[PDB]
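Chemist: The file below is structure05.cif, mmCIF, C-alpha atoms (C1' of nucleotides):
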data_model
#
loop_
_atom_site.label_atom_id
_atom_site.label_comp_id
_atom_site.auth_asym_id
_atom_site.auth_seq_id
_atom_site.Cartn_x
_atom_site.Cartn_y
_atom_site.Cartn_z
CA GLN X 353 -192.98 91.58 -166.68
CA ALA X 354 -191.72 93.98 -169.35
CA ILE X 355 -191.47 96.93 -166.95
CA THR X 356 -189.63 95.00 -164.22
CA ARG X 357 -187.34 93.20 -166.69
CA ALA X 358 -186.35 96.43 -168.40
CA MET X 359 -185.89 98.23 -165.08
CA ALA X 360 -183.45 95.50 -164.07
CA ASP X 361 -181.69 95.72 -167.44
CA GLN X 362 -181.40 99.51 -167.58
CA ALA X 363 -181.63 101.07 -164.13
CA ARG X 364 -177.93 100.74 -163.28
CA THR X 365 -174.65 102.03 -164.67
CA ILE X 366 -172.61 98.86 -164.20
CA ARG X 367 -175.22 96.38 -165.36
CA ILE X 368 -176.20 93.63 -162.93
CA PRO X 369 -178.05 90.63 -164.43
CA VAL X 370 -181.64 89.81 -163.63
CA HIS X 371 -181.03 86.89 -161.28
CA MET X 372 -178.60 88.85 -159.13
CA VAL X 373 -181.09 91.74 -159.11
CA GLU X 374 -183.69 89.23 -157.89
CA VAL X 375 -181.50 88.06 -155.03
CA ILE X 376 -180.56 91.66 -154.14
CA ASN X 377 -184.25 92.59 -153.89
CA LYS X 378 -184.99 89.45 -151.87
CA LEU X 379 -182.14 90.26 -149.48
CA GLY X 380 -183.44 93.81 -149.11
CA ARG X 381 -186.97 92.68 -148.27
CA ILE X 382 -185.66 90.05 -145.83
CA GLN X 383 -183.41 92.63 -144.14
CA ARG X 384 -186.26 95.15 -143.84
CA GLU X 385 -188.73 92.62 -142.40
CA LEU X 386 -186.12 91.40 -139.93
CA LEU X 387 -185.16 94.97 -138.93
CA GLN X 388 -188.80 95.79 -138.19
CA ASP X 389 -189.23 92.81 -135.85
CA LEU X 390 -185.82 92.95 -134.14
CA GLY X 391 -185.66 96.65 -133.36
CA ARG X 392 -182.06 96.55 -134.60
CA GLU X 393 -180.13 96.04 -137.80
CA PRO X 394 -179.74 92.30 -138.46
CA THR X 395 -176.29 90.77 -138.57
CA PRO X 396 -174.92 88.96 -141.64
CA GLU X 397 -175.22 85.69 -139.70
CA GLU X 398 -178.95 86.23 -139.11
CA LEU X 399 -179.49 87.27 -142.73
CA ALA X 400 -177.52 84.25 -143.96
CA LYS X 401 -179.42 81.76 -141.82
CA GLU X 402 -182.68 83.38 -142.94
CA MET X 403 -181.92 83.26 -146.67
CA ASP X 404 -180.25 79.79 -146.56
CA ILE X 405 -176.84 80.98 -147.80
CA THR X 406 -173.42 81.73 -146.34
CA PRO X 407 -172.40 85.04 -144.71
CA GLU X 408 -169.65 85.33 -147.32
CA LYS X 409 -172.34 85.15 -150.00
CA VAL X 410 -174.36 87.81 -148.15
CA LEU X 411 -171.28 90.05 -148.05
CA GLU X 412 -170.68 89.49 -151.78
CA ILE X 413 -174.28 90.43 -152.60
CA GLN X 414 -174.09 93.57 -150.47
CA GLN X 415 -170.80 94.32 -152.21
CA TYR X 416 -172.35 94.04 -155.68
CA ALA X 417 -175.36 96.16 -154.70
CA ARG X 418 -173.47 99.49 -154.62
CA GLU X 419 -174.09 102.36 -157.12
CA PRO X 420 -171.26 104.68 -158.21
CA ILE X 421 -170.94 108.23 -156.96
CA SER X 422 -170.39 111.02 -159.48
CA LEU X 423 -167.19 112.86 -160.38
CA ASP X 424 -169.05 116.13 -160.95
CA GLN X 425 -170.62 116.99 -157.61
CA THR X 426 -169.04 119.92 -155.81
CA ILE X 427 -167.52 118.32 -152.72
CA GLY X 428 -166.43 121.78 -151.65
CA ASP X 429 -169.61 123.23 -150.19
CA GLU X 430 -168.58 126.70 -151.35
CA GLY X 431 -168.94 125.39 -154.91
CA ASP X 432 -165.41 126.35 -155.91
CA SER X 433 -164.18 122.79 -156.49
CA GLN X 434 -165.56 119.44 -157.61
CA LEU X 435 -164.68 115.88 -156.64
CA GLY X 436 -162.90 115.00 -159.89
CA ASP X 437 -160.00 117.32 -159.05
CA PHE X 438 -159.18 115.54 -155.75
CA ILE X 439 -158.16 112.14 -157.14
CA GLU X 440 -154.54 111.07 -157.49
"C1'" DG W 1 -75.80 61.26 -170.25
"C1'" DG W 2 -79.67 63.05 -174.16
"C1'" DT W 3 -84.30 61.58 -177.43
"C1'" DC W 4 -88.75 59.34 -177.82
"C1'" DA W 5 -93.38 56.64 -176.23
"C1'" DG W 6 -96.69 56.79 -172.14
"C1'" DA W 7 -99.10 58.87 -168.10
"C1'" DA W 8 -101.26 62.39 -166.07
"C1'" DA W 9 -103.19 67.08 -165.36
"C1'" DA W 10 -107.15 70.57 -166.54
"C1'" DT W 11 -110.01 72.22 -170.75
"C1'" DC W 12 -113.44 72.89 -174.37
"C1'" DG W 13 -116.80 70.37 -175.81
"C1'" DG W 14 -120.09 66.40 -177.46
"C1'" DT W 15 -122.96 62.44 -175.49
"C1'" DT W 16 -126.14 60.82 -172.89
"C1'" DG W 17 -129.12 59.42 -169.75
"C1'" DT W 18 -132.49 59.42 -167.22
"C1'" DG W 19 -135.02 61.79 -163.64
"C1'" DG W 20 -137.99 64.45 -162.74
"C1'" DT W 21 -140.64 68.77 -164.03
"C1'" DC W 22 -143.66 71.91 -165.63
"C1'" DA W 23 -146.88 73.15 -168.78
"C1'" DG W 24 -149.99 72.52 -172.74
"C1'" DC W 25 -153.60 71.46 -173.67
"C1'" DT W 26 -157.54 67.92 -173.70
"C1'" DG W 27 -161.37 65.92 -172.56
"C1'" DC W 28 -164.66 66.23 -169.76
"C1'" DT W 29 -167.52 66.62 -166.39
"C1'" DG W 30 -170.01 68.72 -163.41
"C1'" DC W 31 -171.85 72.96 -162.50
"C1'" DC W 32 -173.04 77.71 -162.57
"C1'" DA W 33 -173.99 81.97 -164.74
"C1'" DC W 34 -176.78 84.02 -167.94
"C1'" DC W 35 -180.46 84.75 -171.39
"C1'" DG W 36 -185.16 83.95 -172.98
"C1'" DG W 37 -190.15 82.70 -172.44
"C1'" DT W 38 -194.57 82.46 -169.36
"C1'" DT W 39 -198.39 83.54 -165.47
"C1'" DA W 40 -205.91 83.92 -167.91
"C1'" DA W 41 -211.48 86.45 -161.30
"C1'" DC W 42 -211.05 91.81 -161.65
"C1'" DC W 43 -208.98 97.18 -161.13
"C1'" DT W 44 -207.97 101.72 -168.30
"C1'" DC W 45 -205.23 109.34 -168.45
"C1'" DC W 46 -198.71 112.57 -164.32
"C1'" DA W 47 -194.53 114.95 -159.10
"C1'" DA W 48 -181.53 138.91 -156.97
"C1'" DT W 49 -180.34 142.66 -159.77
"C1'" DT W 50 -178.78 144.91 -164.22
"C1'" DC W 51 -178.62 145.24 -169.06
"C1'" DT W 52 -179.67 144.01 -173.97
"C1'" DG W 53 -182.16 142.31 -177.46
"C1'" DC W 54 -186.61 140.06 -179.41
"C1'" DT W 55 -191.40 139.50 -180.17
"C1'" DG W 56 -196.07 140.21 -179.49
"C1'" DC W 57 -199.76 143.89 -179.33
"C1'" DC W 58 -202.88 147.72 -179.73
"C1'" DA W 59 -204.15 152.66 -181.17
"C1'" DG W 60 -204.21 155.23 -185.26
"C1'" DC W 61 -203.07 158.33 -189.84
"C1'" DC W 62 -203.30 156.76 -194.67
"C1'" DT W 63 -204.86 154.68 -198.61
#
Produce structure tokens that represent the structure in this file.
Modeler:
Amino acid sequence: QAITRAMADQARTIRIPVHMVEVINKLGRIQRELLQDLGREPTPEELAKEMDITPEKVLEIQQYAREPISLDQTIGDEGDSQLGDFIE
DNA sequence: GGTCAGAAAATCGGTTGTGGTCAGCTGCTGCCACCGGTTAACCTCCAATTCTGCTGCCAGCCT
């Protein structure tokens, strides 16, 4: 309990609370188990009717579940420039 | 065949009157988002080169 609770509290930059981390993990497991059986990526309608929620709610959860990229990686593959100098 | 009260114009401004109108909370009420605690068969040790300076190390004259 302590390890999983603290991993939810500290694993992310923009902190997501524990209950939304629970529903993100549940949506991930549901999507993986449906993708294995279908042979295809499941639609938001199929995920929403599986998890007993709305497709808008599924889209909001998949919106919240995104990690930031970094400003310091060299997006020029020659290494001369980094990403933080290409932002207006 | 000329002077004085009344009537009739905007004009600047006060009343006023109500007719909504919009917000400013105000409960308040349901709800929903978030934080904290709890679960009792057992199973107890990790995933390239070039140059300069510094330190560790071993023989070996000197006392």
Chemist: Name the residues captured by the PyMOL selection byres ((chain X and resi 408-420) around 10) when it is applied to the shown file; answer as a JSON list (two decimals) with C-alpha atoms, keeping the file's coordinate frame.
Modeler:
[["chain", "number", "residue", "atom", "x", "y", "z"],
["X", 364, "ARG", "CA", -177.93, 100.74, -163.28],
["X", 365, "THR", "CA", -174.65, 102.03, -164.67],
["X", 366, "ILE", "CA", -172.61, 98.86, -164.20],
["X", 368, "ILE", "CA", -176.20, 93.63, -162.93],
["X", 372, "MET", "CA", -178.60, 88.85, -159.13],
["X", 373, "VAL", "CA", -181.09, 91.74, -159.11],
["X", 375, "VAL", "CA", -181.50, 88.06, -155.03],
["X", 376, "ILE", "CA", -180.56, 91.66, -154.14],
["X", 377, "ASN", "CA", -184.25, 92.59, -153.89],
["X", 379, "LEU", "CA", -182.14, 90.26, -149.48],
["X", 380, "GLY", "CA", -183.44, 93.81, -149.11],
["X", 396, "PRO", "CA", -174.92, 88.96, -141.64],
["X", 397, "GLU", "CA", -175.22, 85.69, -139.70],
["X", 399, "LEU", "CA", -179.49, 87.27, -142.73],
["X", 400, "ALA", "CA", -177.52, 84.25, -143.96],
["X", 403, "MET", "CA", -181.92, 83.26, -146.67],
["X", 405, "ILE", "CA", -176.84, 80.98, -147.80],
["X", 406, "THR", "CA", -173.42, 81.73, -146.34],
["X", 407, "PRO", "CA", -172.40, 85.04, -144.71],
["X", 421, "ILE", "CA", -170.94, 108.23, -156.96],
["X", 422, "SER", "CA", -170.39, 111.02, -159.48],
["X", 423, "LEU", "CA", -167.19, 112.86, -160.38]]
Chemist: With all atoms listed in the file as the atoms that count, which of X:387, X:362, X:429, X:370 lies nearest to chain W?
Modeler: X:370
Chemist: Would you mind listing, for every residue of chain W within 10 Å of chain X, the two atoms forming the shortest contact and the distance between them in Å to one decimal, using all atoms listed in the file, sorted by chain and ascending residue number, as CSV?
Modeler:
residue,atom,partner,partner_atom,distance
W:33,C1',X:371,CA,9.3
W:34,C1',X:369,CA,7.6
W:35,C1',X:370,CA,9.3
W:38,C1',X:353,CA,9.6
W:39,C1',X:353,CA,9.8
Chemist: Hey, could you pull the box centre and edge lengths for range 50-60 of chain W, axis-aligned, 8 Å padding per side, all listed atoms, to one decimal in Å, as AutoDock Vina command-line options?
Modeler:
--center_x -191.4 --center_y 147.4 --center_z -174.7 --size_x 41.6 --size_y 31.7 --size_z 37.0
Chemist: So the first atom is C1' of residue 37 in chain W and the second is CA of residue 354 in chain X; what is the distance between them in Å, to one decimal place?
Modeler: 11.8 Å
Chemist: Just to confirm, what's the straight-line distance from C1' of residue 43 in chain W to CA of residue 374 in chain X in Å (one decimal)?
Modeler: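 If I compute the distance from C1' of residue 43 in chain W to CA of residue 374 in chain X, I get 26.7 Å.
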Chemist: Could you please determine the separation between CA of residue 360 in chain X and CA of residue 388 in chain X in Å, to one decimal place?
Modeler: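 Interatomic distance, CA of residue 360 in chain X to CA of residue 388 in chain X: 26.4 Å.
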Chemist: Quick one: residues within 10 Å of residue 386 in chain X, all atoms listed in the file counted, chain neighbours fewer than 4 positions away excluded, as a list in words?
Modeler: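 Listed by chain and then number, they are residues 380, 381, 382, 390, 391, 392, 393, 394, 395, 398, 399 and 402 of chain X.
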Chemist: So that I have them on file, write out the residues from the current selection with C-alpha atoms, as an mmCIF file, in the frame of the given file.
Modeler:
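Result saved to result_26.cif:
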data_model
loop_
_atom_site.group_PDB
_atom_site.id
_atom_site.type_symbol
_atom_site.label_atom_id
_atom_site.label_comp_id
_atom_site.auth_asym_id
_atom_site.auth_seq_id
_atom_site.Cartn_x
_atom_site.Cartn_y
_atom_site.Cartn_z
ATOM 1 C CA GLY X 380 -183.440 93.810 -149.110
ATOM 2 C CA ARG X 381 -186.970 92.680 -148.270
ATOM 3 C CA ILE X 382 -185.660 90.050 -145.830
ATOM 4 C CA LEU X 390 -185.820 92.950 -134.140
ATOM 5 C CA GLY X 391 -185.660 96.650 -133.360
ATOM 6 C CA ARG X 392 -182.060 96.550 -134.600
ATOM 7 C CA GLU X 393 -180.130 96.040 -137.800
ATOM 8 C CA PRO X 394 -179.740 92.300 -138.460
ATOM 9 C CA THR X 395 -176.290 90.770 -138.570
ATOM 10 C CA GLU X 398 -178.950 86.230 -139.110
ATOM 11 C CA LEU X 399 -179.490 87.270 -142.730
ATOM 12 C CA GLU X 402 -182.680 83.380 -142.940
#
